[PDB]
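Commentary on secondary and tertiary structure
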Amino acid sequence: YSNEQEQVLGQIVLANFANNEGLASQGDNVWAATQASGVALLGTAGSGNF
Amino acid sequence: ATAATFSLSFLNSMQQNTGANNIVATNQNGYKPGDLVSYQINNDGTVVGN
Amino acid sequence: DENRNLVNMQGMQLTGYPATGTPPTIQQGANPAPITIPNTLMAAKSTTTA
C-alpha cells in the first residue's frame with residue numbers, strides 16, 4: 001500500500017496425492033480425483049512433501 | 001521432559017605430538033523429529049525414505 | 001541480507017563455526033550455525049591483568 005505497508009490477502013494451497021497415474025481427465029487441462037487415487041491431502045508449498 | 005543418562009567414549013584417541021589439539025570425530029545417535037520427504041529405491045535392492 | 005546474514009544470490013545462508021565466549025573465540029568442533037554480522041556496540045571490560 002501507499003503508506004510503507006504490506007498486507008497479505010491469502011496463500012495458495014497445494015494438494016499432494018498418495019498415488020498419481022489414477023487421476024482421470026474430463027476434457028480441459030484439469031484432473032478429477034477418483035477411487036484408487038486417494039484423499040485430497042492439502043498442504044502448504046514451503047516444506048514437507050510439496 | 002525426562003532427562004537421560006548417556007555413555008560417552010573417548011576411545012581411539014592419541015597423543016603423539018601432532019602440532020596442537022583438534023577434534024577429528026564426534027557422533028551420537030539422537031535426533032529431532034521430522035516427517036517423510038522422499039522415498040527412493042537403491043540399486044542394491046533396498047528402499048530408503050529420507 | 002535485510003537482517004545481517006552472509007547470504008548468496010538466491011536466499012541461502014553460509015554457515016560456519018559459531019563464535020562464543022567473553023572474549024569470543026572459535027571452537028574447533030561445534031555443530032555449524034549461520035553467521036551474523038551484528039550492529040550492536042561493544043560493552044566495556046574491566047581490567048584484570050596488567
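Here is what the cut-offs are and how they apply
Residues numbered from 1 in each chain as written, not as in the entry; some residues may be left out. Chains lettered and ligands numbered in written order. Part of a larger assembly, values for the part shown. Heavy atoms only, no water. Helix = DSSP H or I, 4+ residues; strand = E, 2+ residues; numbered from the N terminus. Rg over C-alpha atoms; globule rule 2.2 N^0.38 Å. Buried < 20%, exposed > 50% of the residue type's maximum accessible area, 1.4 Å probe, protein only. 1 Å grid on protein atoms, 1.4 Å probe; cavity = no way out; pocket = protein on both sides within 12 Å on 5 of 7 lines; lining within 4 Å. Points joined across faces, edges and corners; volume = space filled by probe spheres on them. Nonpolar A, V, L, I, M, F, W, Y, C, P; charged D, E, K, R; others polar. Patch = residues over 30% accessible without salt bridge, like charges linked within 9 Å, V, L, I, M, F, W, Y side chains within 5 Å. Areas by Shrake-Rupley, 256 points an atom, 1.4 Å probe, with all protein chains shown as cover. Salt bridge = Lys/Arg side-chain N within 4 Å of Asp/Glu carboxyl O. Contact = heavy atoms within 4.5 Å.

For this coordinate set, the PDB header names cryo-EM as the determination method and states a resolution of 2.86 Å.

1. Side note on the overall build of chain B
A count of helices and strands for chain B gives zero helices and two strands. Taken against the 2.2 N^0.38 rule, which gives 10 Å for 50 residues, the C-alpha radius of gyration of chain B at 19 Å runs more than 25% over that of a compact globule. Projected onto the principal axes, the alpha-carbon positions of chain B cover approximately 45 × 40 × 15 Å. Out of the 50 residues belonging to chain B, those deemed buried represent 0%.

2. Observations regarding the layout of surface pockets
If a probe the size of a water molecule is rolled over the atoms, the empty space left behind becomes visible. The calculated volume of the largest pocket comes to roughly 920 Å³. A breakdown of the residues in the lining of the largest pocket according to their chemical character gives nine nonpolar, 14 polar and no charged. Roughly 190 Å³ of volume is contained in the second largest pocket. Lining the second largest pocket are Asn16, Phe17, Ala18, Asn19, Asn20 and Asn49 of chain A together with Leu36, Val37, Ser38 and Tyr39 of chain B. Split by residue class, the lining of the second largest pocket holds five nonpolar, five polar and no charged.

3. A short note on unusual backbone geometry
For the bond from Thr22 of chain C to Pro23 of chain C, the omega torsion is 0°, close enough to zero to count as cis. With a phi close to 60°, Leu41 of chain A is a non-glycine residue in the positive phi region. Residue placement: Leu41 of chain A occurs in the loop between β3 (31-32) and β4 (42-43). Backbone geometry at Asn12 of chain B places phi at a positive 65°, although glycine is not the residue there.

4. Thoughts on the environment of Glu21 of chain A
Tracing the chain through its elements places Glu21 of chain A in the loop between β1 (14-15) and β2 (24-25). Along the chain, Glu21 of chain A and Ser37 of chain A lie 16 residues apart, while their C-alpha atoms are 7.9 Å from each other.

5. Focus on a nonpolar patch on the surface
On the surface, a cluster of nonpolar side chains totalling about 350 Å² of accessible area is made up of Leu6, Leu14, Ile35 and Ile37 of chain C. Judged by relative accessible area, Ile35 of chain C falls into the partly exposed class, the value being 33%.

6. Let's talk about the environment of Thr15 of chain C
Residues and elements named next belong to chain C. Inspection of the secondary structure puts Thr15 in strand β1 (residues 15-16). Judged by relative accessible area, which is 44%, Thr15 ranks as partly exposed. Expressed as a C-alpha distance, the spacing of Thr15 and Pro34, which sit 19 residues apart in the sequence, is 4.2 Å. In this view, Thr15 contacts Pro32, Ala33, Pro34 and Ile35; residues no more than four positions away in its chain are not counted.

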